[PDB]
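Have a look at query03.txt; it's compact mmCIF, C-alpha atoms (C1' of nucleotides) and all ligand atoms:
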# COMPACT_ATOMS: atom_id res chain seq x y z
CA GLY A 3 15.91 11.17 7.10
CA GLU A 4 18.60 8.76 5.92
CA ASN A 5 19.48 6.87 9.08
CA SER A 6 17.09 5.20 11.54
CA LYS A 7 16.93 1.53 12.52
CA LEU A 8 13.84 -0.13 11.08
CA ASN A 9 12.48 -3.25 12.63
CA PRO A 10 13.18 -6.26 10.43
CA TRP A 11 9.49 -7.15 10.72
CA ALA A 12 8.25 -3.61 10.22
CA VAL A 13 10.19 -3.76 6.97
CA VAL A 14 8.75 -7.10 5.87
CA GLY A 15 5.20 -5.97 6.69
CA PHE A 16 5.68 -2.61 5.03
CA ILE A 17 6.80 -4.54 1.92
CA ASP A 18 3.88 -6.97 2.17
CA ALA A 19 1.83 -3.79 1.68
CA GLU A 20 3.72 -1.52 -0.73
CA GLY A 21 6.51 -3.47 -2.46
CA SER A 22 6.73 -4.86 -5.99
CA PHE A 23 8.68 -7.89 -7.15
CA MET A 24 9.16 -7.46 -10.90
CA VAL A 25 10.34 -10.00 -13.47
CA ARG A 26 10.49 -8.15 -16.76
CA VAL A 27 10.77 -9.83 -20.23
CA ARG A 28 11.97 -7.38 -22.95
CA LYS A 29 12.06 -7.98 -26.72
CA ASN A 30 15.54 -7.43 -28.17
CA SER A 31 16.90 -9.42 -31.16
CA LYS A 32 20.41 -8.35 -30.15
CA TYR A 33 19.82 -11.02 -27.44
CA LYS A 34 20.39 -14.65 -28.42
CA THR A 35 16.88 -15.88 -27.53
CA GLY A 36 15.20 -12.69 -28.74
CA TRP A 37 14.63 -11.46 -25.20
CA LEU A 38 16.18 -9.62 -22.25
CA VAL A 39 15.07 -10.94 -18.84
CA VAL A 40 15.50 -8.32 -16.05
CA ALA A 41 14.56 -8.76 -12.36
CA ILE A 42 13.62 -5.80 -10.09
CA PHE A 43 12.73 -5.07 -6.46
CA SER A 44 10.78 -1.78 -6.31
CA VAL A 45 9.08 0.43 -3.76
CA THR A 46 7.40 3.68 -4.82
CA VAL A 47 6.11 6.49 -2.61
CA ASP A 48 5.16 10.21 -2.58
CA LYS A 49 7.76 12.98 -2.19
CA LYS A 50 6.31 13.17 1.34
CA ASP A 51 8.24 9.98 2.18
CA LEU A 52 11.59 10.21 0.35
CA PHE A 53 13.28 9.85 3.77
CA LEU A 54 11.70 6.43 4.23
CA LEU A 55 13.28 5.12 1.01
CA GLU A 56 16.58 6.56 2.19
CA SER A 57 16.24 4.73 5.51
CA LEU A 58 15.21 1.64 3.55
CA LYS A 59 18.22 1.80 1.26
CA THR A 60 20.28 2.11 4.41
CA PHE A 61 18.50 -0.90 5.95
CA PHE A 62 19.55 -2.99 2.99
CA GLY A 63 23.26 -2.18 3.44
CA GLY A 64 23.12 0.92 1.22
CA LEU A 65 22.39 -0.95 -2.02
CA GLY A 66 20.09 0.20 -4.83
CA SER A 67 19.07 3.60 -6.19
CA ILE A 68 16.49 6.21 -5.18
CA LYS A 69 15.07 8.05 -8.18
CA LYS A 70 12.30 10.28 -9.39
CA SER A 71 9.64 7.91 -10.71
CA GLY A 72 6.40 9.71 -11.44
CA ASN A 73 5.28 13.34 -11.38
CA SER A 74 4.93 13.28 -7.57
CA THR A 75 6.72 10.04 -6.64
CA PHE A 76 10.17 8.59 -6.08
CA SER A 77 11.34 4.99 -6.40
CA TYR A 78 13.82 2.76 -4.63
CA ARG A 79 15.06 -0.05 -6.86
CA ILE A 80 17.50 -2.92 -6.74
CA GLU A 81 17.94 -3.83 -10.45
CA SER A 82 21.22 -5.84 -10.25
CA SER A 83 20.57 -9.59 -10.15
CA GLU A 84 23.77 -10.26 -8.19
CA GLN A 85 22.94 -7.54 -5.67
CA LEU A 86 19.43 -8.94 -5.31
CA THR A 87 20.61 -12.51 -4.78
CA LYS A 88 23.27 -11.29 -2.32
CA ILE A 89 21.20 -8.94 -0.09
CA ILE A 90 17.47 -9.25 -0.82
CA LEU A 91 16.89 -13.02 -1.00
CA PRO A 92 18.68 -14.13 2.19
CA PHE A 93 16.69 -11.54 4.12
CA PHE A 94 13.25 -12.47 2.86
CA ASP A 95 14.10 -16.14 3.20
CA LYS A 96 14.68 -15.72 6.91
CA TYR A 97 11.90 -13.20 7.46
CA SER A 98 9.01 -14.41 5.31
CA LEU A 99 6.27 -12.34 3.75
CA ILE A 100 2.78 -13.48 4.75
CA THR A 101 0.57 -11.77 2.16
CA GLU A 102 -0.04 -13.20 -1.30
CA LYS A 103 3.10 -11.14 -1.99
CA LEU A 104 5.00 -14.06 -0.53
CA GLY A 105 3.75 -15.98 -3.55
CA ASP A 106 5.12 -13.30 -5.83
CA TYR A 107 8.52 -13.15 -4.09
CA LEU A 108 8.77 -16.95 -4.15
CA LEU A 109 8.41 -17.05 -7.99
CA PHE A 110 10.75 -14.01 -8.15
CA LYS A 111 13.25 -16.15 -6.25
CA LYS A 112 13.26 -18.88 -8.91
CA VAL A 113 13.88 -16.53 -11.81
CA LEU A 114 16.80 -15.06 -9.86
CA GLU A 115 17.95 -18.68 -9.34
CA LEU A 116 17.66 -19.49 -13.08
CA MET A 117 19.35 -16.21 -14.00
CA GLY A 118 21.92 -17.17 -11.36
CA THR A 119 22.95 -20.41 -13.12
CA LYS A 120 22.74 -18.48 -16.43
CA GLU A 121 20.00 -20.85 -17.75
CA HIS A 122 17.96 -17.72 -18.72
CA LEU A 123 20.30 -16.95 -21.63
CA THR A 124 19.38 -20.44 -22.76
CA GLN A 125 16.17 -21.04 -24.64
CA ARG A 126 13.93 -23.45 -22.71
CA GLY A 127 15.20 -21.85 -19.49
CA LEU A 128 13.51 -18.65 -20.68
CA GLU A 129 10.33 -20.66 -21.34
CA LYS A 130 10.35 -21.73 -17.66
CA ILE A 131 11.08 -18.11 -16.64
CA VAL A 132 8.03 -16.89 -18.54
CA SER A 133 5.87 -19.67 -17.06
CA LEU A 134 6.89 -18.06 -13.77
CA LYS A 135 6.19 -14.45 -14.73
CA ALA A 136 2.86 -15.66 -16.10
CA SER A 137 1.63 -16.22 -12.52
CA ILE A 138 3.44 -13.15 -11.10
CA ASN A 139 1.75 -9.77 -10.67
CA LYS A 140 -0.92 -8.73 -13.17
CA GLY A 141 0.47 -11.58 -15.29
CA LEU A 142 1.24 -11.61 -19.03
CA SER A 143 0.37 -8.48 -21.01
CA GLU A 144 -0.37 -8.60 -24.77
CA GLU A 145 3.09 -9.01 -26.37
CA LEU A 146 4.05 -11.71 -23.88
CA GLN A 147 0.82 -13.66 -24.41
CA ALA A 148 1.25 -13.20 -28.20
CA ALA A 149 4.89 -14.27 -28.59
CA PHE A 150 4.26 -16.96 -25.97
CA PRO A 151 0.60 -18.15 -26.21
CA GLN A 152 1.63 -21.73 -25.53
CA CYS A 153 2.85 -21.00 -22.03
CA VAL A 154 1.25 -22.86 -19.14
CA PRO A 155 1.58 -20.59 -16.09
CA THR A 156 3.42 -22.23 -13.17
CA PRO A 157 1.41 -23.14 -10.04
CA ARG A 158 0.92 -20.51 -7.38
CA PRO A 159 1.71 -21.63 -3.73
CA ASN A 162 -0.95 -21.45 0.52
CA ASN A 163 -0.36 -20.22 3.99
CA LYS A 164 -1.14 -17.05 6.47
CA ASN A 165 -0.03 -16.16 10.17
CA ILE A 166 1.14 -12.80 11.66
CA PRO A 167 4.76 -13.43 12.64
CA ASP A 168 5.31 -10.38 14.83
CA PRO A 169 3.45 -7.24 15.98
CA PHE A 170 5.93 -4.99 14.20
CA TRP A 171 4.97 -6.68 10.98
CA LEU A 172 1.56 -5.19 11.46
CA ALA A 173 2.96 -1.76 12.23
CA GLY A 174 4.96 -1.78 9.03
CA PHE A 175 2.19 -3.34 6.97
CA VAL A 176 -0.27 -0.77 8.21
CA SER A 177 2.13 2.06 7.34
CA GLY A 178 1.65 0.95 3.75
CA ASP A 179 -1.97 -0.01 3.25
CA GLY A 180 -3.55 1.45 6.43
CA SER A 181 -5.56 4.60 7.13
CA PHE A 182 -6.42 6.82 10.16
CA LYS A 183 -9.53 8.49 8.90
CA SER A 184 -11.19 11.46 10.48
CA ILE A 185 -14.75 12.20 9.43
CA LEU A 186 -17.23 15.01 9.99
CA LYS A 187 -20.76 13.75 9.31
CA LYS A 188 -23.50 16.34 8.94
CA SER A 189 -25.81 15.48 11.85
CA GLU A 190 -29.37 16.76 12.40
CA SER A 191 -29.49 15.89 16.15
CA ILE A 192 -26.36 17.47 17.67
CA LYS A 193 -25.95 20.89 19.35
CA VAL A 194 -22.87 21.73 17.15
CA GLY A 195 -24.27 20.39 13.83
CA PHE A 196 -21.66 17.71 12.99
CA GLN A 197 -20.75 14.24 14.31
CA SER A 198 -17.02 13.72 14.83
CA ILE A 199 -15.97 10.27 13.81
CA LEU A 200 -12.61 8.57 14.02
CA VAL A 201 -12.07 5.50 11.95
CA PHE A 202 -9.26 3.06 11.49
CA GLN A 203 -9.02 1.26 8.21
CA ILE A 204 -6.91 -1.35 6.52
CA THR A 205 -7.63 -1.92 2.87
CA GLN A 206 -6.54 -5.00 1.03
CA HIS A 207 -7.45 -7.20 -1.91
CA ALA A 208 -9.86 -10.12 -1.41
CA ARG A 209 -6.96 -12.49 -2.05
CA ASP A 210 -5.96 -12.06 1.58
CA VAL A 211 -9.46 -12.42 2.97
CA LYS A 212 -8.05 -15.02 5.40
CA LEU A 213 -5.32 -12.71 6.60
CA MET A 214 -7.77 -9.82 7.08
CA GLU A 215 -10.39 -11.96 8.83
CA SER A 216 -7.66 -12.79 11.35
CA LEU A 217 -6.94 -9.13 12.29
CA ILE A 218 -10.19 -8.95 14.24
CA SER A 219 -8.91 -11.76 16.36
CA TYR A 220 -5.42 -10.20 16.48
CA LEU A 221 -6.54 -6.76 17.64
CA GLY A 222 -9.57 -8.08 19.54
CA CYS A 223 -11.85 -5.73 17.63
CA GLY A 224 -13.00 -4.46 14.24
CA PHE A 225 -14.74 -5.81 11.13
CA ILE A 226 -14.48 -6.54 7.48
CA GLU A 227 -16.65 -5.03 4.78
CA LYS A 228 -16.36 -5.82 1.07
CA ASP A 229 -16.36 -3.01 -1.45
CA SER A 230 -19.53 -3.20 -3.56
CA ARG A 231 -17.65 -2.63 -6.80
CA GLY A 232 -14.68 -4.97 -6.70
CA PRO A 233 -12.54 -7.36 -4.65
CA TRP A 234 -11.61 -4.85 -2.04
CA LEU A 235 -11.69 -5.61 1.64
CA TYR A 236 -11.76 -3.00 4.37
CA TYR A 237 -11.01 -4.11 7.88
CA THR A 238 -12.49 -1.32 9.93
CA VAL A 239 -12.75 -0.03 13.46
CA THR A 240 -15.43 2.61 14.09
CA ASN A 241 -16.09 1.99 17.77
CA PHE A 242 -14.59 4.85 19.74
CA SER A 243 -13.96 2.87 22.95
CA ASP A 244 -12.01 0.25 20.98
CA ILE A 245 -10.00 2.83 19.20
CA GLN A 246 -8.96 4.51 22.38
CA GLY A 247 -8.22 1.29 24.23
CA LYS A 248 -6.82 -0.99 21.55
CA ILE A 249 -5.83 0.70 18.32
CA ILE A 250 -4.06 3.66 19.82
CA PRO A 251 -2.04 1.86 22.51
CA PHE A 252 -0.93 -0.70 19.95
CA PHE A 253 0.43 1.70 17.38
CA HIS A 254 1.80 3.79 20.19
CA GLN A 255 3.94 0.78 21.14
CA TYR A 256 4.59 -0.44 17.60
CA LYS A 257 4.98 2.95 15.93
CA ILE A 258 4.08 3.71 12.33
CA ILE A 259 6.94 4.15 9.88
CA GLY A 260 6.58 7.04 7.38
CA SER A 261 4.57 10.25 6.90
CA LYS A 262 1.51 8.33 8.08
CA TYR A 263 2.97 8.37 11.55
CA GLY A 264 2.22 12.09 11.60
CA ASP A 265 -1.35 11.26 10.72
CA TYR A 266 -1.63 8.77 13.63
CA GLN A 267 -0.46 11.60 15.90
CA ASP A 268 -3.07 14.15 14.77
CA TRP A 269 -5.54 11.33 14.99
CA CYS A 270 -4.61 10.79 18.62
CA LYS A 271 -4.75 14.57 19.15
CA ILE A 272 -8.41 14.43 18.04
CA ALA A 273 -9.05 11.30 20.05
CA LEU A 274 -8.09 13.26 23.21
CA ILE A 275 -10.43 16.10 22.27
CA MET A 276 -13.14 13.44 21.90
CA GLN A 277 -12.30 11.59 25.14
CA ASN A 278 -12.84 14.85 27.02
CA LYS A 279 -16.26 15.34 25.35
CA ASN A 280 -14.98 18.72 23.97
CA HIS A 281 -16.05 17.71 20.43
CA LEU A 282 -19.64 18.76 21.20
CA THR A 283 -18.34 22.29 21.82
CA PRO A 284 -17.83 24.65 18.83
CA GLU A 285 -14.36 25.59 20.04
CA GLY A 286 -13.16 21.94 20.31
CA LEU A 287 -14.97 21.12 17.06
CA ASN A 288 -12.86 23.85 15.47
CA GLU A 289 -9.72 22.48 17.11
CA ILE A 290 -10.60 19.25 15.25
CA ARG A 291 -11.21 20.85 11.79
CA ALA A 292 -7.69 22.23 11.85
CA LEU A 293 -6.20 18.87 12.85
CA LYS A 294 -8.00 16.93 10.09
CA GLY A 295 -7.57 19.72 7.55
CA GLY A 296 -3.80 19.40 7.90
CA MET A 297 -3.73 15.58 8.08
CA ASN A 298 -3.73 12.90 5.35
CA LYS A 299 -4.48 14.27 1.82
CA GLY A 300 -4.00 17.84 3.15
CA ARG A 301 -0.51 17.27 4.62
CA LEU A 302 2.46 19.75 4.32
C1' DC B 1 25.36 -10.10 -26.56
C1' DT B 2 24.90 -9.62 -21.68
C1' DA B 3 24.38 -6.72 -17.42
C1' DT B 4 23.43 -2.66 -15.25
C1' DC B 5 22.29 2.04 -15.33
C1' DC B 6 18.87 5.73 -16.46
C1' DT B 7 14.84 8.59 -17.59
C1' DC B 8 10.34 8.39 -18.81
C1' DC B 9 4.43 6.48 -18.86
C1' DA B 10 -1.19 4.98 -18.34
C1' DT B 11 -4.52 2.83 -16.04
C1' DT B 12 -7.22 1.98 -12.11
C1' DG B 13 -7.16 0.79 -7.37
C1' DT B 14 -6.20 2.42 -3.08
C1' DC B 15 -6.79 5.59 0.31
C1' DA B 16 -9.59 8.87 2.08
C1' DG B 17 -13.91 11.36 3.07
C1' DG B 18 -18.45 11.00 2.99
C1' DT B 19 -23.98 9.01 4.14
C1' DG B 20 -28.76 6.74 6.00
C1' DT B 21 -30.43 5.38 10.36
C1' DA B 22 -30.87 1.77 14.01
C1' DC B 23 -30.59 2.61 18.69
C1' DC B 24 -28.56 3.80 23.43
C1' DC B 25 -28.51 7.97 26.81
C1' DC B 26 -30.77 10.97 28.87
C1' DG C 1 -33.39 15.46 23.09
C1' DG C 2 -28.02 14.45 22.25
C1' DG C 3 -25.13 11.52 20.80
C1' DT C 4 -23.02 7.10 18.81
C1' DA C 5 -21.79 3.30 15.50
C1' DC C 6 -22.17 -0.04 11.49
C1' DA C 7 -23.36 -0.57 6.50
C1' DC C 8 -23.14 1.70 2.69
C1' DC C 9 -21.50 5.17 -1.07
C1' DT C 10 -17.96 7.16 -4.15
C1' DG C 11 -14.00 9.57 -6.83
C1' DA C 12 -9.13 11.52 -7.75
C1' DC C 13 -4.48 10.81 -8.67
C1' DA C 14 -0.72 8.27 -6.66
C1' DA C 15 0.51 3.33 -6.48
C1' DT C 16 0.89 -0.36 -9.57
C1' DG C 17 3.87 -2.10 -12.56
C1' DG C 18 5.47 -0.94 -16.38
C1' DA C 19 8.01 1.16 -21.10
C1' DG C 20 12.66 2.15 -23.60
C1' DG C 21 17.33 3.69 -23.83
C1' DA C 22 22.29 4.21 -23.21
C1' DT C 23 26.06 2.45 -21.43
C1' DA C 24 30.47 -0.37 -20.62
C1' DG C 25 32.42 -5.47 -20.52
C1' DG C 26 32.96 -9.60 -22.05
CA CA A 401 -0.73 -1.71 -2.28
Starting from the file, lay out its structure as structure tokens.
Ligand SMILES: [Ca+2]
Amino acid sequence: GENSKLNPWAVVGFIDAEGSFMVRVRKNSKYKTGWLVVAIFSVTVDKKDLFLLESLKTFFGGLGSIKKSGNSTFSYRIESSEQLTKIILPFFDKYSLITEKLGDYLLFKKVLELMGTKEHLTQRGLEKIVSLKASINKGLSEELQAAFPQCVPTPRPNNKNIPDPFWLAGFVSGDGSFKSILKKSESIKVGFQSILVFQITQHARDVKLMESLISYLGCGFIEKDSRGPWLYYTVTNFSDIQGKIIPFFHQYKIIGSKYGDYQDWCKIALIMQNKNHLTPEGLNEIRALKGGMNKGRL
DNA sequence: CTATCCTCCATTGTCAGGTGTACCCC
DNA sequence: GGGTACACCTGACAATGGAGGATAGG
């Protein structure tokens, strides 16, 4: 992959799920103020999905660079402030993020506006720029909080509607899951219950977004993780899966290697619709599918 | 001295893959 | 007497989200 098309909204949504907007503040005395301020737009994915990055680079007029990142990952990064301001900002202005990522990108925009007028090289301009980063991402880490302990983080912005179905496709490609389970049953003639599940995981920040999905897809529910601020919107109900989840993502296809999961998922869902899952032969047919899907892919 | 390229982490939070059992269907 | 769905449980390793450098230009 390298070409494709990518739906503007698919892209936005995918980014709402997987993207980072980074405003980095480096110590270097060779710089007038004592600091280098760099601004980055990053996406990072498994070797599985290098071709997505490629198609993403393409989508953004061919800008940026695709590079080995971690042991098993690759990264697509726009690091040039000009390039960012020229390609990235106008896009995301028109086609707004709807996660709390919007909030990140919005701050990100101001730094790239300060850096634009060159006020960042200036002193107090930096101070403003750090007040921004303060409320971005994880926030300040050690050195930043130490060199700048006097910094009042700037106010975080607010609102939350799904702009387009394709947004959800894209978004789900990032932070969504098509689970297949085999639960050891003690009341079935083949010994195991076959369960399909559809999941979307997300941080409790976006509780309001997630809550809405139930309304949006006309099914599902939200469970909080016992151990943190992790929401799972979930659909376990077979009839809903077959009549709402599948037809949706059939129409608004999944972008990435997860698409291939959705397919094998559907392939099971047929085998379940025909009651063949209570046979040993069709149960087997399932094991193979699931075995070679998700964490066991390629 | 400022801007972009570039090659490298570490930590922990998603994904993903399971249960315990209320309850509907025969 | 066979089969389903919600609520709940739980861990590994990729996704966060960085970290320096080396440049080449003004
Ligand atoms: Ca994420």
Atom pair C1' of residue 12 (chain C) / CA of residue 48 (chain A): separation (Å): 15.3 Å
Interface list for chain C, partner chain A, 10 Å threshold, only C-alpha atoms (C1' of nucleotides), as a list in words: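 Residues of chain C within 10 Å of chain A, counting only C-alpha atoms (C1' of nucleotides): residues 1, 2, 3, 4, 5, 6, 7, 8, 9, 13, 14, 15, 16, 17, 18, 19 and 20 of chain C.
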Selected residue of minimal separation from chain A among B:12, B:20, B:25, B:1, counting only C-alpha atoms (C1' of nucleotides):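 Going through B:12, B:20, B:25, B:1 one by one, the smallest distance to chain A is for B:1.
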Expected answer as a PyMOL selection string: chain A residues within 8 Å of chain B, only C-alpha atoms (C1' of nucleotides): chain A and resi 32-34+81-82+179+181+183-185+187+205+298-299
Selected residue of minimal separation from ligand CA 401 (chain A) among A:186, A:41, A:19, A:142, counting only C-alpha atoms and all ligand atoms: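 Using only C-alpha atoms and all ligand atoms, the shortest distance to ligand CA 401 (chain A) belongs to A:19.
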Local residues around (14.8, -18.8, -7.5), at most 12 Å away, using all atoms listed in the file, as a list in words: residues 25, 41, 83, 86, 87, 90, 91, 92, 95, 106, 107, 108, 109, 110, 111, 112, 113, 114, 115, 116, 117, 118, 119, 120, 121, 122, 130, 131 and 134 of chain A
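Straight-line separation from CA of residue 269 (chain A) to CA of residue 177 (chain A): 14.3 Å.
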Test item: which residues lie within 8 Å of (-11.9, 11.0, 20.3) counting only C-alpha atoms (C1' of nucleotides), as a list in words: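 Nearby residues: residues 198, 199, 200, 242, 246, 270, 272, 273, 274, 275, 276, 277, 278, 279 and 281 of chain A.
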Can I get the selection written as a short mmCIF file (atom, residue, chain, number, x, y, z; two decimals), in the frame of the given file, with C-alpha atoms?
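Output contents, as saved in selection.cif:
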data_model
loop_
_atom_site.label_atom_id
_atom_site.label_comp_id
_atom_site.auth_asym_id
_atom_site.auth_seq_id
_atom_site.Cartn_x
_atom_site.Cartn_y
_atom_site.Cartn_z
CA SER A 198 -17.02 13.72 14.83
CA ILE A 199 -15.97 10.27 13.81
CA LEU A 200 -12.61 8.57 14.02
CA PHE A 242 -14.59 4.85 19.74
CA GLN A 246 -8.96 4.51 22.38
CA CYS A 270 -4.61 10.79 18.62
CA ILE A 272 -8.41 14.43 18.04
CA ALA A 273 -9.05 11.30 20.05
CA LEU A 274 -8.09 13.26 23.21
CA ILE A 275 -10.43 16.10 22.27
CA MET A 276 -13.14 13.44 21.90
CA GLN A 277 -12.30 11.59 25.14
CA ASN A 278 -12.84 14.85 27.02
CA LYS A 279 -16.26 15.34 25.35
CA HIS A 281 -16.05 17.71 20.43
#
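In this structure, CA of residue 98 (chain A) sits 21.0 Å away from CA of residue 66 (chain A).
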